[PDB]
Amino acid sequence: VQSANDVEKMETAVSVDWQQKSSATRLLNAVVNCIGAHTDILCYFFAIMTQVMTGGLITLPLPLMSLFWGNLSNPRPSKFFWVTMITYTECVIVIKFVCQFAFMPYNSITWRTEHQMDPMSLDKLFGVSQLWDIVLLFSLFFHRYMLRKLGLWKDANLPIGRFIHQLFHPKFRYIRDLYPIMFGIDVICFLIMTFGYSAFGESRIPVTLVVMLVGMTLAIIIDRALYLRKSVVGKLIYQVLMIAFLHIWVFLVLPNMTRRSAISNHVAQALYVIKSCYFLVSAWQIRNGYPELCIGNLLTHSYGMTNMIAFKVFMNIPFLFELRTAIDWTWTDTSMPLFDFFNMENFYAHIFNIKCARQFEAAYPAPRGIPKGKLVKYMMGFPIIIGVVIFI
Amino acid sequence: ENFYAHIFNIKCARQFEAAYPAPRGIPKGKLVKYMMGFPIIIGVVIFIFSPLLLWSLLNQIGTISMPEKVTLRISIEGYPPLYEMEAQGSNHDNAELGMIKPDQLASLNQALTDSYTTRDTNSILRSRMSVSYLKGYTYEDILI
Amino acid sequence: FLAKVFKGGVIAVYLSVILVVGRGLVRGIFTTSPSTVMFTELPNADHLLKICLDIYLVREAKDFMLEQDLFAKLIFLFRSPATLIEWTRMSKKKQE
Amino acid sequence: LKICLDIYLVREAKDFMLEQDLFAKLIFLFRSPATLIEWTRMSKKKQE
Amino acid sequence: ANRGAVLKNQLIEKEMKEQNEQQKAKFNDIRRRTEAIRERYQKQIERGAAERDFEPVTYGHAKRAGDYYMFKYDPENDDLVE
């Protein structure tokens, strides 16, 4: 019965076959199997959520350590890093319990009143040392899931050295291309930063800091575009620098730059959690060697309805197609000057649109000679008439 | 006229291209790529984000000076006033119109905290709000 | 007064310029519609300048019969892409 | 679409001689409408 | 727990490695084959006409070498298989 231990295959297998309509009962079993097999990622996610909730330095070692050590330990973090994790989890639980007393100066009379508005008073920069509701839920889940991970490891299986082991000596290499996921996360981050600007500024001003943040995120998108040409050392450096900069900025500069304390700034948390999910996929790509990377847009692998709308949008917003083509040209071993590059890009877009329109028309053909049905005429010619009317 | 202009432009572009020919097959040099593709990238960037910078520098919230003249009147409606008084001064040193010493501000803030009771949470919330109101004004923005 | 204004309206005018400029100016210069490739991608544009210079030289020496016969010749070249290719291809000087 | 996909596939495998010979082929197709018709007409799969 | 799981993990890892190498080899061989057949077909048509017009070595000078003799084949008539 236990011989069906091919979970590594059926993860992707069940993903593929659940992509379509399968209302069977094997879904809950498959999801349980997948969540059991991918339990290593869950603990890191819960550590990130814990640090978001505390907004302090007492838990600061837990995500930095998890990322740097275990997300950069090629085959496995070696089952000793787990012991340090559980020891520090124990220690943080006990120390924050001891700090959750009432004979220290954290009384309702003076300390609460004095340090409401300043964002980095002492004991808010030092983690959980502060009104509170039950809160501490993610700490408990983190403890429970680390213990679950120990149970599952024992159930089946059990700095120069680390660098060589992660870079030059992988016994196995799962070839996978995960750039579109990272790009999508960065686009979501861009949208959340553009739409939500009131929190990043202390009718109010659009401020000078926002412009700097949008320029910076554009620059990092550009840099990620550069690095998708087989740069692993550059990718590693970029990732470490970005992690340190993001942590330092979000937890040590933004509160002085917006006068909004951490824990209360609810879009800073969304930015921090969304960005940290990028670091996990990025670390996966770092540990597992880059693919051969067939060139061509992700918006053109098939010819469907979503590809129509996707291409339309892609060629719709100005300064998007041209910026992408320029970035591609500056950082690709071509032989044409820049104008022939742009010419070929436009020609490819034209051909692609005609092809997929032909595919759409051949998908649902309509008999010839028959005059157009009344129903379709009423649903097609009408709305344009009212549209022109109310446009005028 | 338009046809002549078209032909002339094509001809002289061909002459320019034949003036400094570049060998075929060799991929484009890094130097030219850095001097050609870069400036258009920064050009598009600052074309997009120049209005935002202009607006941010143009908003520029300002400040105005403190009052010097304060008047008070007490009357029965529809009749000459029963009392009226004036409080002038610009040095902010005379007793009629002056600033607040930090001792008085500290005393007021300290008194705001101890106003509540041990049990009721509404009293705590009121005390927090009243203290948060005061801290927005420095001693240099309070007039007695 | 900048604050006094409505973010709606200012954001509107801004995106409006980015779109009018993006769809009018930048597109035009960076792109080249496929129809305008048979007229700008011309290997050798020297046999067509001669006709224009002739029609300008004739305009000064009277000969209004010649000023119309040769203008008509230029009109058909922009109507027939088969002959435009035949006339804008390279000569034996480049061929050898 | 095949020609465009070829010129993109060649761009990664070096072969800059091939990256120019085939780009030139696409340029003449948009210059000669006689050949564009000859190349964009249907094949025997639809014909039968 | 002490015996079966590790042996099964090693077996599945080895099988996945072999399959991954086989897929990489097949993909590269196909990419080589199509490049070679596309180079041979491009070379084939240029020998047919031989218009004696050479090309000065310049990007742009050879980008406008298009002509009629390079489209004298059916865009689907090619017998790559026996």
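cryo-EM is the method the PDB entry states for this structure, with the resolution given as 3.1 Å.

Engineer: An account of the overall build of chain B is requested, with residue identities and associated values reported.
Structural biologist: Secondary structure assignment for chain B yields four helices and two strands. Listing every helix and strand of chain B by position from the N terminus yields α-α-β-β-α-α. Relative to the compact-globule value of 15 Å for 144 residues, chain B shows a C-alpha radius of gyration of 36 Å, a clear excess of over 25%. Taking contacts inside chain B between residues at least 6 apart in sequence as the whole, the part at least 24 apart equals 41%. Of the roughly 11300 Å² that chain B leaves accessible, carbon and sulfur atoms contribute 62%. On chain B, the mean spot of the 13 positive side-chain charges and the mean spot of the 13 negative ones are 27 Å from each other.

Engineer: Quick rundown of the pattern of salt bridges? Include the residues and the values.
Structural biologist: Scanning the model with the defined rule gives 15 salt bridges over all chains in all. Among the ionic pairs, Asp53(E) bridges to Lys94(C), the shortest N-O distance being 4.0 Å. Linking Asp53(E) in the segment after α1 (4–49) with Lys94(C) in helix α5 (residues 92–95), this pair reaches from one chain into another. Sharing partners across several salt bridges, the network here consists of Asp340(A), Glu41(C), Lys63(E) and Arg64(E).

Engineer: Describe the interface of chain A and chain B, with residues and values.
Structural biologist: Taken together, the contacts link 29 residues of chain A with 26 residues of chain B. Contact between chain A and chain B buries roughly 2600 Å² in total, counting both sides, with carbon and sulfur atoms accounting for 74%. Inspection of the region where chain A meets chain B yields zero salt bridges. Here chain A and chain B share six residue pairs in polar contact between them. Elements with a contribution of two residues or more to the side of chain A that touches chain B: α6 (111–114), α10 (208–227) and α14 (321–330) of chain A.

Engineer: Just give me the short version of the packing of helix α4 (residues 61–70) of chain A against helix α5 (residues 81–99) of chain A, but keep the residues and values in it.
Structural biologist: Any two packed helices are characterised by how steeply their axes cross, that is the angle between the axes, and by the distance between the axes. Residue and element names in this part refer to chain A. The interhelical angle for the contact between α4 and α5, taken along N-to-C directions, is 180 degrees, at an axis separation of 11 Å. The angle between α4 and α5 falls in the class roughly antiparallel. The residues of α5 that touch α4, namely those facing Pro61, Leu62, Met65, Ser66, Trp69 and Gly70, are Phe81, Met85 and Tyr88. A class-by-class count of the residues in the contact of α4 with α5 yields seven nonpolar, two polar and no charged.

Engineer: An account of the nonpolar core is requested, with residue identities and associated values reported.
Structural biologist: Core analysis: the largest hydrophobic core is formed by 59 residues, its most contacted members being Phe200(A), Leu246(A), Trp249(A), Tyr272(A) and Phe279(A). Sequence-distant contacts of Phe200(A), defined by excluding residues within four places in its chain, comprise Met193(A), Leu209(A), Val210(A), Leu213(A), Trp249(A), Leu254(A), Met257(A), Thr258(A) and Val267(A). Within the second largest apolar cluster, 22 residues are counted, among which are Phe347(A), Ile7(D), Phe28(D) and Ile45(E).

Engineer: Give a description of the side chain of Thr89(A) that names residues and reports values.
Structural biologist: Topologically, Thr89(A) is positioned in helix α5. Those residues in contact with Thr89(A) that sit more than four places away from it in its chain are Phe142(A) and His143(A).

Engineer: Give a description of the packing of aromatic side chains that names residues and reports values.
Structural biologist: Residues and elements named next belong to chain A. Tallied over the full model, the rule gives 38 aromatic pairs over all chains. Centroid distance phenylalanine 45 to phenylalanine 46: 5.7 Å. Interplanar angle 50 degrees. Geometry classified as tilted. The class for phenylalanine 45 is partly exposed, based on a relative accessible area of 35%. Both rings, one in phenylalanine 314 and one in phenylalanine 321, keep their centres 6.2 Å apart while their planes meet at 80 degrees; by these two values the pair is edge-to-face. Since its relative accessible area comes to 11%, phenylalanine 314 is described here as buried.

Engineer: Explain unusual backbone geometry to me, and be specific about the residues and the numbers.
Structural biologist: We note that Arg259(A) has phi near 55 degrees; this positive angle belongs to a residue other than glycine. By the secondary structure assignment, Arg259(A) is in the loop between α11 (233–258) and α12 (266–287). The backbone of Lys14(D) shows a phi angle near 65 degrees, a positive value even though the residue is not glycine. Structurally, the position occupied by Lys14(D) is in the loop between α1 (2–12) and α2 (16–29). Overall, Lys14(D) belongs to the partly exposed group, its relative accessible area being 39%.

Engineer: Give a description of α14(A) that names residues and reports values.
Structural biologist: It helps to recall that an α-helix has 3.6 residues per turn; residues three or four apart then point in one direction. Counting buried residues in α14(A) gives nine out of ten residues, a clear majority hidden from the surface. Among the residues of α14(A), those classed as buried are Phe321(A), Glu322(A), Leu323(A), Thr325(A), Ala326(A), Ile327(A), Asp328(A), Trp329(A) and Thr330(A). Looking at the buried positions of α14(A), the neighbouring elements they touch are α10, α13 (305–316) and α15 (338–363) of chain A, α2 (30–59) of chain B together with α1 (7–30) of chain C.

Criteria and cut-off values
Residues numbered from 1 in each chain as written, not as in the entry; some residues may be left out. Chains lettered and ligands numbered in written order. Part of a larger assembly, values for the part shown. Heavy atoms only, no water. Helix = DSSP H or I, 4+ residues; strand = E, 2+ residues; numbered from the N terminus. Rg over C-alpha atoms; globule rule 2.2 N^0.38 Å. Contact = heavy atoms within 4.5 Å. Areas by Shrake-Rupley, 256 points an atom, 1.4 Å probe, with all protein chains shown as cover. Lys, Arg positive; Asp, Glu negative; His and termini not counted. Charge placed at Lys NZ, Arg CZ, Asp CG, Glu CD. Salt bridge = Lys/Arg side-chain N within 4 Å of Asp/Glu carboxyl O. Buried area = accessible area lost by both parts, 1.4 Å probe. Polar contact = N/O pair within 3.5 Å; in protein donor to acceptor, adjacent residues only side chain to side chain. Axes fitted to C-alpha atoms, helices over the stretch in contact; angles between N-to-C directions. Parallel < 35°, antiparallel > 145°, perpendicular 65-115°, else oblique. Nonpolar A, V, L, I, M, F, W, Y, C, P; charged D, E, K, R; others polar. Core = buried A, V, L, I, M, F, W, Y, C linked by side-chain atoms within 4.5 Å. Buried < 20%, exposed > 50% of the residue type's maximum accessible area, 1.4 Å probe, protein only. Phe/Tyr/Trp six-rings, centres within 6.5 Å; stacked < 30°, edge-to-face > 60°.

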